[PDB]
Amino acid sequence: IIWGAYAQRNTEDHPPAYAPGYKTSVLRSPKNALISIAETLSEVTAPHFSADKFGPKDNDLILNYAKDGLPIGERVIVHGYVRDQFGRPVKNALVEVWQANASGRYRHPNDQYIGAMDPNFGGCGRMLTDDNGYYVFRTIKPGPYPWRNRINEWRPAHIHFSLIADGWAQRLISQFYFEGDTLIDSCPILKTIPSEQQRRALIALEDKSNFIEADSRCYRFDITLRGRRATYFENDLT
Amino acid sequence: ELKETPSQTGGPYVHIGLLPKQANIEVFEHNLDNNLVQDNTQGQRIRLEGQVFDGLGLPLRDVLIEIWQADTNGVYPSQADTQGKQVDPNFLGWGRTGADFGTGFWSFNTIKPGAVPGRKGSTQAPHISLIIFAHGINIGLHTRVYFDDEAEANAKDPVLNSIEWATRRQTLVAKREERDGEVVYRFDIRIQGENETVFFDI
Amino acid sequence: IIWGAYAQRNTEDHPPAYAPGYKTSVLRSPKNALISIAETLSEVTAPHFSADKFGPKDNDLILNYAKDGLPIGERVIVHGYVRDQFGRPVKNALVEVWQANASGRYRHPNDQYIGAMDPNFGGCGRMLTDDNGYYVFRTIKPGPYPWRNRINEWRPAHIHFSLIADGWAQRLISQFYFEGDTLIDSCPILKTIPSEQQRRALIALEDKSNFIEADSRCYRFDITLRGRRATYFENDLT
Amino acid sequence: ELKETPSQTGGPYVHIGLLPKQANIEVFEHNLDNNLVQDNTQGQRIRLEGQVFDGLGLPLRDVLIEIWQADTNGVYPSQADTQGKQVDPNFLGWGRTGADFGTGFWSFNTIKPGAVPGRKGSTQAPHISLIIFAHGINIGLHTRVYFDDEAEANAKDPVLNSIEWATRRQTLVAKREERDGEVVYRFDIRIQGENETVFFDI
Amino acid sequence: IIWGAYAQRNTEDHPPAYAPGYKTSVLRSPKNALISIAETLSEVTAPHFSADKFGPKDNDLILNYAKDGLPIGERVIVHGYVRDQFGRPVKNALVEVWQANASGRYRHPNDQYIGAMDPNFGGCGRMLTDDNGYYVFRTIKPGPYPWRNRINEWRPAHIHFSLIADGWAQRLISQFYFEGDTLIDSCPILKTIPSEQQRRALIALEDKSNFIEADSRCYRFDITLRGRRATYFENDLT
Amino acid sequence: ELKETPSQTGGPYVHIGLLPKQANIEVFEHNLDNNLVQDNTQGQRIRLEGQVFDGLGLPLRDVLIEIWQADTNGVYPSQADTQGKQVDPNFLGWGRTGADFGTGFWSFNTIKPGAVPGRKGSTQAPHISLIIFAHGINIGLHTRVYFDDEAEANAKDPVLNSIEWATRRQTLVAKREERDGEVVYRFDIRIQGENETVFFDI
Amino acid sequence: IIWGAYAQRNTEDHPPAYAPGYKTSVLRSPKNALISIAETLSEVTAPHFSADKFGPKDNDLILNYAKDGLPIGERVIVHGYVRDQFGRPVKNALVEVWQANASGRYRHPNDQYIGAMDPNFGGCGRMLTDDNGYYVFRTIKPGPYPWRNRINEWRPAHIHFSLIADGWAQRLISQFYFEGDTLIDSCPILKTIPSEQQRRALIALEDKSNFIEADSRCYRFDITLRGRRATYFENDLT
Amino acid sequence: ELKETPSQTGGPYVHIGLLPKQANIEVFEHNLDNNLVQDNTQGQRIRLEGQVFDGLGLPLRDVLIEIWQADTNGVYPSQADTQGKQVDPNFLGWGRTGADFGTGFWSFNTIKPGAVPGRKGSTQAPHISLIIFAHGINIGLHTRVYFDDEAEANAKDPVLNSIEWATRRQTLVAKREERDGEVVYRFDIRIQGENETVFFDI
């Protein structure tokens, strides 16, 4: 099997750069169209991160920053699979996540919301997917929070995530939401995505059989990255 | 066939998660950072620095930047590199940094990359692939940094030549400077407006 | 206007006493049918509670037990109207509420769930409705929590409430839930209610125009009590 | 026309909210309790006590009970009382209690109520209206407590006589006892099974 | 009752500033996003206008400019109610209106349309709403008129109106149209409004029971302004 | 709950209705205008003037402007003002004007306002709230006018400080000038383009 | 991979213990609710049966009891897959079956129905599933038969089956029916199952491509057992 | 995700299939039965016997019973046992029996099991897991048999202690008897009614 380039990114499946309802995008979006290039080794390669460097609690946001006790909030497990667009598992990809605490408050200098800080919660984790593209992490469900776009704007509860996988062209950062959150319908950030089916692709689903009795709930959430095509005739990559 | 998961902005706190140590969150023993030079790394050490400006000319102080590049001999430290040459074993080829909250300045310590094969037997000029995430940026913006002292190679670069506006090609060339013995390349990024930096769909 | 008796309670609008899917009801439900009686002064009267005895923070669950800081969790205001079945406002009724904290943990001796306790949260409040039947209180949104009915049973997030109003026959205790919570569909306690329209009568609705910017969300929830009929001919109450 | 909000069980913690002081939660300055006798309250002081049993005969240690009753002259301290007589001004007529967590015993300190008019010119025997809430009880259960030393009045009570099973009427009669000068009425409640207490839809 | 801020303006219920089909907006719309602010006394206050200063014919466009006779055209009464978004009446608000005559001609220097001027018609009126938010005025139905956007553009018949009420944040200018006018479907100005339900909110309805025999027709038209929320906890306005 | 009636442009004749007297239409005995100073009005008299420019730099000669402001002591002549201080009884606080058809110049005669309380115990610098309507403007544009001689107060103003681009804050500051004994503040408004005036959603 | 407990049995997917239309259940169903327990090694383990002990005709009900000739009736093959609820194959599970003969008669002491006994038919078989969870057996299609519940009750044709697999918690006995049998719609035993979709889960489907020409028909029937969840954090089983 | 196949009663002939040899059907060479003791099996031999009663007190003569248990050292002969100890190699841990058609008596010959670890470091008292199938039973009924001579261990058993009715716990304890040198534990099962045996959802 000789690999060719990743399939073209389908721009209609993503938000446009300029999205006036999300005010900050007005001055941070290019006026010129993006220049599409044919891929080279630069775009189809990416770094490798060794499992050795990860600590035991890197994917356990409940315990990785706990000092005197446990963080306050809803104990939840989030798991799922990362695959490419042709359905193949994405192995040993680096998944990083970050989020607010149960009050909707970030442990960031610039966050001055009145929702209370939790001394036992940090809000960040990471993991590598396994050979089946599977990932699992545990955390506290984040609270929704206010921000200034229009004056009374509120983000639905969400977890920010980032993936570095096999090719630089697959580099992706996004956010997932929780089934049933009523704020999902009003968020200007989620509404930058043009189609309803793609907005639903960011909603993690309640996974009731996988709840752990007297302990934690569970949400299922799969991620799809761009996939590479195989070459059977001329290989022009090089 | 499945559709790619849709992109969403990284938001204003893209560093709690991607650079916790510098948001003063000690959760990890090993932290990823902007230093790609290890003691035995081969090649010439260079510092890459600059600022990212919005459409009014204000630097973004909340931006997250990553770079991806080849080693000194133009080989990528990736299983997907098919040149059949051995890569420098003491080189990750990737790094991540944020802009200083006060000034907006960002930097990386890395090595100048060697030339990498282009498509159909062509040769690309030395370059570093760069991506930018920030509140207001819905999809990470891809660009490349070429070097002003590689004018001969730049003139023959397939990607640069594929930009029809010769005035826009110059936004991709960083300027060499020599601060106290150290080689520095200054690369400012203008997201929008006059002299707007070229961004690619890769 | 001479008042007669309260209208008969419509038993098909309420859960039956014996509801096998809610296991604890099996041994705590009468085998005999309830004996219906015609009302007397005993059933149409009720006590009066004076506003003077209530403290300033009795309806503010965010601050009424705060000691060193604020409780952790989602700041929410809940408000609405209490009326009788004929639509009249219920004035000066005593409304009491109680609930778990953001972790789904009760500040009760017998609660040993691992969800963390919050030293700044108590979980109980009370208020009297005003002349328009209006009530308002502020709290932390409670987390869902596990309990043993089947081994992996989970209550949706909920607030327990109690009303003492004008007549003893109106005495009611119940619980309300939050729009969109996916656990609402699986709860055996909520399913003791026979009809879908009555189960929806316990769901508090997101009230977005009433959110307070950079501060709190808001839910609207109205309550209906039994109403009295007027007498125009013979008055047999006495 | 609207439908009544549906009832739901009070659940196992029905005291965080209804009797916080005894769940050791100090949020309120003024707390509601099981003592209906104030210093100037008129009438004979009595103690009402008992236990609540499930269908296997085990006392419920999580039950919440409230009582509602008239004053010594049979007048309710409610604006809805239409007798046109003045009520004892130092009497709330209501109280609330929980069962002791260890024993299951519950009690109230109150006064023996006077006879209240029944419908159509009848007279009811002295009674206390009682309601029970607990985990497993989907709707509060209503019952009444009559007194065994008011046998003449009980015999003519409209409500008791409306129970066709004369053997079930006895479950509503509490027994007078005299512990060290104090008058005590023992009233046990059997939710289910043999000698099941009569419950009313009121 | 202590008042808090007006509810946030819902921008999706209004036209955007830049609307290319309405050509004049291209150079008169800001490139930057509007900056949302939290309200202060500046935004929640507004002036008061006394009824004493209004003349008897200020709301009678048929007679307030009549000199030798009556204006030519369709005699119509327009009435309705002004309320805020929570349904409360807006009392003593200043309502001002202006419009073309029956020919579609404005008594303005710059109007050179060939539709004939009417020497007995002025085209402007004003009134204060009463305690129930009610207003009523009489006029001549305006004719539709041509304007240069595309070369053959025609505005449907319309009356321009303006409201100054209780808070500066409620300040609103808009235009209403008449039920059934076929030009409503083609107007680029009305089409700047994104949703069909909001475009219908500007159409005055025929009110047949309120016609005055052998005299005038009548149209009903209600107006909704932003409403203030009540504060029950902290009052941060000051 | 109801939705706000949608805004529509005022159109090119927004003065037949809002300033008839100056479209030469005599229908009203009492006409509203741009003079907020009555003979007994307290405070320092100032003239506020300027022009409104479109995106090509041409003044709008069809624009309608209104201002709303507090009296000399920072009290609004509104029932909604809750400071509990008495307002100047000879001050409406509001006015309306159009631009001169030839020149595009607009003006108001008013008094310099006193400082008004901000949220949570803050103090706002002296300002006048201003709104603009015209053909092409679909919704009235809100802005504020601050004064260049109140630099100390402006530096601490909550609203000005909430604008993150310090270069845009300056578009809200009018310049003091002194024409023959009269104090004049020049405030030009640029709807679109370079040095575009800040507009608020209030 | 460290295994945790089996997912909770979903009681709404099974018949209740007390089902009055099936008369024998009235005195053989507990009055008390079942007590749910958290699983221990006792519930997640089960015995192992070796293939060595099975005879060659154990899964061939046509020949395993044939003495002088073949049994009379419809020659059919039944096959399918046994998997757990998460879709994993159940390997080396013991499947046992038993049934009446073509007349609807059981070779049991207590069966006195007039349908004729078949001297060459026994009616019982067993097999172990393979590594893919597959099983296959051959038999004579059983006839429907009368029983006394109401006086004219008739069971549809059915085969009783039993599974012992990996965990004691998976222990299951049930019965499957044949596509199209009209008695399926009237059986009180099948109707103890609450939902229509679960009743259909017991119907074996005609598998026409797998019929064997001039020999036997074939039915396909899959079975789903409870599945175990994987543990990624604390392992509390022991 | 798939739903579990629904349970159905075993019906009155649950032995043609599960115990053919005793329905006098010789189809199998190797037959499963109620004897768990092989000649080299370790531990103390015990006989477990009893009857199963319906709600009127009549023994079921059509019932099928299976038991599952650990060896003498508390190790299960299952690949799923994770104690890392070696199990008795001459012990299946499972058996099956029917009740005698005349009397209703059922029995097993087995060994007394050793204590098995409970959850979170607890220790369970010695027990045998038992399941019952019969005509009229729609889903197999699960219960456990503990031993009356292990009162100290029973007192600390997690499962027994999780039964809140201390009177129901006793239905799970079999009584030791000693018939001619043999140890016998009598365990009667009451499916419904007074002294109804506790059944579990496992």
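Each chain gets a letter, A, B, C, D, E, F, G and H, in the order it is written, and its residues are counted from 1.
One rule holds in what follows: a contact is a pair of C-beta atoms (placed from the backbone, for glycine too) under 8 Å apart; a residue touches a chain by one contact, two chains touch by 3 or more.
By chain, UniProt protein names: A, C, E, G = Protocatechuate 3,4-dioxygenase beta chain; B, D, F, H = Protocatechuate 3,4-dioxygenase alpha chain.
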| item | value |
| --- | --- |
| Of B-F and C-G, pair with higher C-beta contact tally | C-G |
| Option reproducing the contacts of A-G, where over half of them reappear, out of C-E, C-G or A-C | C-E |
| Whole-Å gap separating chain A and chain B, where each centre is the average of the chain's CA atoms | 22 |
| Separation of mean Cα positions, chain G and chain F [Å, integer] | 84 |
| Centre distance in Å when chain A and chain D are each reduced to the mean of their C-alpha atoms | 58 |
| Residues of chain H touching at least two other chains | 1, 168, 201 |
| Where chain G touches two or more other chains at once, by residue number | 7-9, 11, 16, 31-32, 34, 36-38, 85-86 |
| Interfacial residue positions of chain C with respect to chain D in the complex | 3, 9-11, 13-17, 19, 22, 24-32, 34-48, 53-55, 57-58, 64-65, 83, 85-87, 96-99, 106-111, 122-126, 160, 162, 164, 166-169, 171-175, 189-190, 192-193, 197-199, 201-202, 223-226, 236-238 |
| Chain A to chain E touching residues, read off their complex | 20-21, 23, 26-27, 148-152 |
| Chain H - residues contacting chain G, complex | 1-18, 20, 23-25, 27-30, 54-56, 60, 66, 68, 70, 76-83, 92-94, 101, 116-121, 124, 127, 129, 131, 133-141, 144, 158-159, 162-163, 168, 191-193, 196-202 |
| Chain G contact footprint on chain A (complex, rising order) | 60, 77, 136, 138, 209-210, 212-214 |
| Of chain G, residues touching chain C in the complex | 7-9, 11-12, 16, 31-34, 36-38 |
